[PDB]
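Only one structure is covered here, and it is reproduced in the block below.
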Amino acid sequence: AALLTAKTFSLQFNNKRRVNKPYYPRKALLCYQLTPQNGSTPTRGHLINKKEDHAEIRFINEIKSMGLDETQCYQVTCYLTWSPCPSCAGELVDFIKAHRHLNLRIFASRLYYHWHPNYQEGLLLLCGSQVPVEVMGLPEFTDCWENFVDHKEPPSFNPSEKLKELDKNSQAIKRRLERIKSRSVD
Amino acid sequence: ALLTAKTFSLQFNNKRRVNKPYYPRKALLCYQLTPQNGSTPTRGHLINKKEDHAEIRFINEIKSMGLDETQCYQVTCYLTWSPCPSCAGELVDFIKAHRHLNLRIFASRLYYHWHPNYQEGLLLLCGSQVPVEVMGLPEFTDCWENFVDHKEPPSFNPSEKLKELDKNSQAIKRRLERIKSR
RNA sequence: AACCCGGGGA
RNA sequence: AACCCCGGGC
Ligand SMILES: [Zn+2]
Ligand SMILES: [Zn+2]
């Protein structure tokens, strides 16, 4: 269970506004990439659980379990299917502020409760704390398909058609996040 | 039997989508049988079965009454969902063989109105002397007064509830008129 | 099936 | 929770 199946990628990163029939849960999925600055081999992994749970907290404890050398500098890229809840946003900020040897970027497929003010404040808290939050587009969806999906078996769908579909649906989501960031600068 | 005020509100709910918490909006049929000579009108309500829709049960219920076929009757049906094509065909065959009945159908919501076969069923009814219209403020009020139990007071304001149902009906009336173009 | 509102469906 | 597509949410 190291890499994701092509089916899991399609179903969980699905960024349509509404799940189609037959309905299935779009769970919280986190794909992370740890890239040391000195050029060591990057470490990759993913964690999945129900959206009500907190994959970001599991991600924090997974980073701590690696026993990283704090004299090195690390660039961390996180691909989320759902953007973080407000409590996880605060925990990520506190974690990154105490571990300044880590540089964290967050890419989200969907914006979790983006109409709710507390969830908006959580995303703004991350951006204001040197944790950039952006919406996944074609480059991010492609980078996730190449590095986190099992390619030994071909997918049932066309990978080029799926990535173009995900990028097309991302336009309205990127548009929504900029309206959130514009409202803070009032 | 009568409908509770809660059942009327929930089952005739004509919003585009059920709000949270979700509940099934199932097929409900309220009928009124009014003889021409002025006899006491007959009322009742019917719910789908696992194999018989409410319209088919309604057809069989009318036949079971042993109506005098030399009289004439006005029949009004308030439906929460508009008829499926199979029920539409059965209603037409029933009304053509029972010309002592005049049938009008009012629907709160249009059942699968984007499907061409379901549209043909509604047009078949209209073309077979069974006018199909969308329920508005008069129909919701007439159904509320004649089919709801008024012994127990509702938790909501009945006048406010009927205004909401009529407001939601405008987009549905609009949709049925687009269908009525051959 | 994260939530609401609005429009449409040859 | 009838379906699909689109737009928006101090
Ligand atoms: Zn969380
Ligand atoms: Zn039917």
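In what follows, every heavy atom counts, from backbone to side chain, and hydrogens, waters and symmetry copies are set aside. Numbered from 1 within each chain, the chains take letters A, B, ... in sequence-line order.
An OP1 or OP2 oxygen of C:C3 is reached within less than 4.0 angstrom by no side-chain nitrogen or oxygen of B:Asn19. Distances shown here put a side-chain N or O of B:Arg175 below 4.0 Å from the OP1 or OP2 atom of C:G9. In terms of phosphate contacts, B:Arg178 brings a side-chain nitrogen or oxygen within less than 4.0 Å of OP1 or OP2 of C:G9. Between B:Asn13 and D:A1 there is no side-chain N or O to OP1 or OP2 distance below 4.0 Å. Phosphate proximity of D:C3 to B:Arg16: absent, as no side-chain N or O sits under 4.0 Å from OP1 or OP2. For B:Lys20 and C:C3, the shortest distance from a side-chain N or O to OP1 or OP2 is not below 4.0 Å.
The aromatic rings of B:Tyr111 and B:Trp81 sit tilted, their planes meeting at an angle between 30° and 60°.
For B:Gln36 and B:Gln74, the side-chain atoms include at least one donor-acceptor pair closer than 3.5 Å.
Using a 5.5 Å limit on the distance between ring centres and a 30° limit on the angle between planes, the aromatic ring of A:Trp115 does not count as stacked on the six-membered base ring of C:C4.
Residue contacts for B:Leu110: at a heavy-atom cut-off of 4.0 Å it reaches a base atom on one of the strands shown. At a threshold of 4.0 angstrom between heavy atoms, the contacts of A:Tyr113 include nucleobase atoms, whether or not backbone atoms are also involved.
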Please determine whether side-chain contact (heavy atoms from CB on, under 4.5 Å) holds for the pair A:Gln12 and A:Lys27, giving the CA-CA distance in whole Å, both sets of side-chain angles, and the decisive distance to 0.1 Å. CA-CA 7 Å; A:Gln12 291 307 311; A:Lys27 291 167 293 181; 3.6 Å; yes
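Taking atom NZ of A:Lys50 as the reference point, atom P of C:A1 lies 10 Å away to the nearest angstrom. If you measure from atom CD of B:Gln170 to atom P of C:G7, you get 10 Å, rounded to the nearest angstrom. If you take CD1 of A:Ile173 and P of D:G7, they are 10 Å apart, rounded to a whole angstrom. Residue A:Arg18 contributes atom CZ, which lies 10 Å from atom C1' of D:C4 at whole-angstrom precision. Atom pair A:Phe13:CZ and C:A2:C1' shows a separation of 17 Å (rounding to whole Å applied). What separates NE2 of A:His116 from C1' of C:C5 is a distance of 17 Å, to the nearest Å. In this structure, B:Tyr111 atom OH and C:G9 atom P are separated by 21 Å, rounded to whole Å. Between the CG atom of B:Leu176 and the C1' atom of C:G8 there is a distance of 16 Å, given to the nearest Å.
Side-chain atoms of A:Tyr23 lie closest to D:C3 of the nucleotides C:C4, D:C3, C:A2. Out of D:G8, C:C4, C:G9, the shortest distance to the side chain of B:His113 is found at C:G9. Between D:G9, D:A1, C:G7, one nucleotide has an atom nearer to the side chain of B:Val18 than all others, and that is D:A1. Closest contact between the side chain of A:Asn169 and the listed nucleotides D:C6, D:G8, C:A2 involves D:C6. Each of D:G7, C:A2, D:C5 was ranked by its minimum atom distance to the side chain of A:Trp82; first place goes to C:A2.
For A:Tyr79 and A:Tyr32, the ring centers are positioned 6.0 Å apart or more. Between A:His116 and A:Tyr113, the ring centre distance reaches or exceeds 6.0 Å.
A gap of 25 Å separates the P atoms of C:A1 and D:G7, to the nearest Å.
The shortest distance between side-chain heavy atoms of B:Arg104 and B:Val130 does not fall below 4.5 Å.
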